[PDB]
Amino acid sequence: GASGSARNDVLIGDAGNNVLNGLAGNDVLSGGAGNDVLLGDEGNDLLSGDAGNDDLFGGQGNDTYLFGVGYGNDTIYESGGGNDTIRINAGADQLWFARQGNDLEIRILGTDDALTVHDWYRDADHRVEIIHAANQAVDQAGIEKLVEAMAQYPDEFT
Ligand SMILES: [Ca+2]
Ligand SMILES: [Ca+2]
Ligand SMILES: [Ca+2]
Ligand SMILES: [Ca+2]
Ligand SMILES: [Ca+2]
Ligand SMILES: [Ca+2]
Ligand SMILES: [Ca+2]
Ligand SMILES: [Ca+2]
């Protein structure tokens, strides 16, 4: 358990199950190993769950969520912001996109690691706007499309 302030803070967990709350300001939150609960709150925050199964709450403002190979199975609960982003440490060639109920689900092909965006489909507030792969970026429209195409045909490398 670590708290920031209304200033811009840097919060780093350890290998246990941690709670990090940035409060207002533009914060960096890193969970490390274990199942962490990361709360950006107000401000433009940078959240990494790192290893383990992490719950990531960027909150209001435009938050950046890190994911990659070996990051386990993380869920984003967004609250608000017009330019929330996900940064993924793998090429667009190795991502898969699918809808699970109201959730958007991103898997890294042939690994275990999953990134879920809770209630993606339910309302705008819950959406993340841009996903950067290792050099490329697709937008909400591009995402909800790849989802449809990958579900229909695969034929995007089965
Ligand atoms: Ca913050
Ligand atoms: Ca802060
Ligand atoms: Ca941790
Ligand atoms: Ca973690
Ligand atoms: Ca935030
Ligand atoms: Ca946000
Ligand atoms: Ca993780
Ligand atoms: Ca958003």
# chains A, B, ... in the order shown; residues from 1 in each chain; ligands from 1
>>> residues_near_ligand(ligand="ligand 2", cutoff="12 Å", atoms="only C-alpha atoms and all ligand atoms", output="tab-separated table (two decimals) with N, CA and C atoms, in the first residue's frame")
chain	number	residue	atom	x	y	z
A	2	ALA	N	0.69	2.10	-1.04
A	2	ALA	CA	1.41	3.35	-1.16
A	2	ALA	C	0.48	4.41	-1.74
A	3	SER	N	0.60	5.61	-1.18
A	3	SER	CA	-0.20	6.71	-1.67
A	3	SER	C	0.72	7.79	-2.21
A	4	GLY	N	0.22	8.50	-3.22
A	4	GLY	CA	0.91	9.69	-3.65
A	4	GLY	C	0.34	10.92	-2.97
A	5	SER	N	0.34	12.01	-3.73
A	5	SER	CA	-0.27	13.26	-3.34
A	5	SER	C	-0.96	13.81	-4.57
A	6	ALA	N	-1.42	15.06	-4.46
A	6	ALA	CA	-2.01	15.79	-5.57
A	6	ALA	C	-0.94	16.27	-6.55
A	7	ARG	N	0.33	16.01	-6.24
A	7	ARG	CA	1.44	16.29	-7.14
A	7	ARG	C	1.66	15.10	-8.08
A	8	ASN	N	2.66	15.21	-8.95
A	8	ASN	CA	3.01	14.12	-9.86
A	8	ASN	C	3.93	13.17	-9.10
A	9	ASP	N	3.49	11.91	-8.90
A	9	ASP	CA	4.25	10.97	-8.09
A	9	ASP	C	4.73	9.77	-8.92
A	10	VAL	N	5.70	9.05	-8.35
A	10	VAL	CA	6.17	7.77	-8.85
A	10	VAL	C	5.96	6.70	-7.78
A	11	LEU	N	5.10	5.73	-8.09
A	11	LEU	CA	4.72	4.68	-7.14
A	11	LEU	C	5.12	3.32	-7.68
A	20	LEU	N	-1.72	0.74	-5.21
A	20	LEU	CA	-1.05	2.00	-5.46
A	20	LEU	C	-2.09	3.05	-5.85
A	21	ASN	N	-2.11	4.17	-5.14
A	21	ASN	CA	-3.08	5.21	-5.49
A	21	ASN	C	-2.33	6.51	-5.73
A	22	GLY	N	-2.38	6.98	-6.97
A	22	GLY	CA	-1.64	8.18	-7.35
A	22	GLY	C	-2.25	9.49	-6.85
A	23	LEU	N	-3.56	9.50	-6.60
A	23	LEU	CA	-4.29	10.73	-6.29
A	23	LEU	C	-4.21	11.69	-7.49
A	24	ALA	N	-4.64	12.95	-7.33
A	24	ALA	CA	-4.50	13.94	-8.40
A	24	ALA	C	-3.05	14.06	-8.88
A	25	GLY	N	-2.88	14.78	-9.99
A	25	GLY	CA	-1.58	14.91	-10.63
A	25	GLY	C	-1.30	13.78	-11.63
A	26	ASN	N	-0.19	13.91	-12.33
A	26	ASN	CA	0.19	12.98	-13.40
A	26	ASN	C	1.19	11.99	-12.81
A	27	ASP	N	0.77	10.74	-12.66
A	27	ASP	CA	1.49	9.80	-11.83
A	27	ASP	C	1.99	8.62	-12.66
A	28	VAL	N	3.12	8.05	-12.24
A	28	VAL	CA	3.59	6.75	-12.71
A	28	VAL	C	3.37	5.68	-11.63
A	29	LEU	N	2.67	4.62	-12.01
A	29	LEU	CA	2.34	3.52	-11.13
A	29	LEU	C	2.87	2.25	-11.75
A	39	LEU	N	-4.44	2.66	-9.13
A	39	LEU	CA	-5.43	3.71	-9.29
A	39	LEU	C	-4.72	4.99	-9.67
A	40	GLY	N	-4.91	5.43	-10.92
A	40	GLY	CA	-4.39	6.72	-11.35
A	40	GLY	C	-5.11	7.93	-10.72
A	41	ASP	N	-6.42	7.82	-10.52
A	41	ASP	CA	-7.29	8.93	-10.12
A	41	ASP	C	-7.17	10.07	-11.13
A	42	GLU	N	-7.33	11.30	-10.65
A	42	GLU	CA	-7.34	12.47	-11.51
A	42	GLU	C	-5.95	12.57	-12.11
A	43	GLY	N	-5.87	13.21	-13.28
A	43	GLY	CA	-4.59	13.50	-13.90
A	43	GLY	C	-4.31	12.48	-15.00
A	44	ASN	N	-3.22	12.70	-15.74
A	44	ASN	CA	-2.82	11.85	-16.85
A	44	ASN	C	-1.78	10.86	-16.34
A	45	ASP	N	-2.20	9.60	-16.19
A	45	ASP	CA	-1.41	8.69	-15.41
A	45	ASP	C	-0.85	7.60	-16.32
A	46	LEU	N	0.26	7.02	-15.87
A	46	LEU	CA	0.90	5.91	-16.56
A	46	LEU	C	0.88	4.73	-15.60
A	58	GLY	N	-7.19	3.84	-14.44
A	58	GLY	CA	-6.57	5.09	-14.84
A	58	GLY	C	-7.37	6.28	-14.31
>>> closest_atom_pairs(of="chain A", to="ligand 6", cutoff="10 Å", atoms="only C-alpha atoms and all ligand atoms", output="CSV")
residue,atom,partner,partner_atom_place_in_ligand_line,distance
A:40,CA,ligand 6,1 (Ca),8.1
A:41,CA,ligand 6,1 (Ca),8.2
A:42,CA,ligand 6,1 (Ca),8.1
A:43,CA,ligand 6,1 (Ca),8.2
A:44,CA,ligand 6,1 (Ca),7.3
A:45,CA,ligand 6,1 (Ca),7.9
A:57,CA,ligand 6,1 (Ca),7.9
A:58,CA,ligand 6,1 (Ca),4.9
A:59,CA,ligand 6,1 (Ca),4.4
A:60,CA,ligand 6,1 (Ca),4.2
A:61,CA,ligand 6,1 (Ca),4.6
A:62,CA,ligand 6,1 (Ca),4.5
A:63,CA,ligand 6,1 (Ca),4.8
A:64,CA,ligand 6,1 (Ca),8.1
A:65,CA,ligand 6,1 (Ca),9.7
A:76,CA,ligand 6,1 (Ca),10.0
A:77,CA,ligand 6,1 (Ca),9.0
A:78,CA,ligand 6,1 (Ca),5.7
A:79,CA,ligand 6,1 (Ca),5.7
A:80,CA,ligand 6,1 (Ca),4.5
A:81,CA,ligand 6,1 (Ca),4.4
A:82,CA,ligand 6,1 (Ca),7.5
A:83,CA,ligand 6,1 (Ca),7.5
A:84,CA,ligand 6,1 (Ca),5.4
A:85,CA,ligand 6,1 (Ca),8.7
A:125,CA,ligand 6,1 (Ca),8.3
A:126,CA,ligand 6,1 (Ca),8.5
A:127,CA,ligand 6,1 (Ca),8.8
A:128,CA,ligand 6,1 (Ca),7.8
A:129,CA,ligand 6,1 (Ca),9.8
>>> closest_residue(among="A:95, A:115, A:38, A:109", to="residue 67 (chain A)", atoms="only C-alpha atoms")
A:115
>>> closest_residue(among="A:131, A:151, A:137, A:124", to="ligand 8", atoms="only C-alpha atoms and all ligand atoms")
A:124
>>> residues_near_ligand(ligand="ligand 7", cutoff="10 Å", atoms="only C-alpha atoms and all ligand atoms", output="ChimeraX atom specification")
/A:30-36,48-56,66-75,113-115
>>> select_by_dssp(residues="region 64-150 of chain A", states="alpha helix (DSSP H)", output="ChimeraX atom specification")
/A:140-150
>>> closest_residue(among="A:17, A:102, A:140, A:135", to="residue 120 (chain A)", atoms="only C-alpha atoms")
A:102
>>> residues_around(residues="residue 145 (chain A)", least_positions_apart="3", cutoff="12 Å", atoms="only C-alpha atoms", output="PyMOL selection string")
chain A and resi 96-99+104+138-142+148-152
>>> residues_around(residues="residue 133 (chain A)", least_positions_apart="5", cutoff="7 Å", atoms="only C-alpha atoms", output="list in words")
residues 87, 88, 89, 90, 91 and 92 of chain A
>>> select_by_dssp(residues="chain A", states="strand (DSSP E or B)", output="ChimeraX atom specification")
/A:2-3,10-12,19-21,28-30,37-39,46-48,55-59,64-68,73-78,85-89,95-100,103-108,114-117,130-132,137-139
>>> atom_distance(atom1="CA of residue 144 (chain A)", atom2="CA of residue 108 (chain A)")
17.3 Å
>>> closest_residue(among="A:156, A:136, A:146, A:1", to="residue 13 (chain A)", atoms="only C-alpha atoms")
A:1
>>> atom_distance(atom1="CA of residue 100 (chain A)", atom2="atom 1 (Ca, counted along the ligand's line) of ligand 5")
24.9 Å
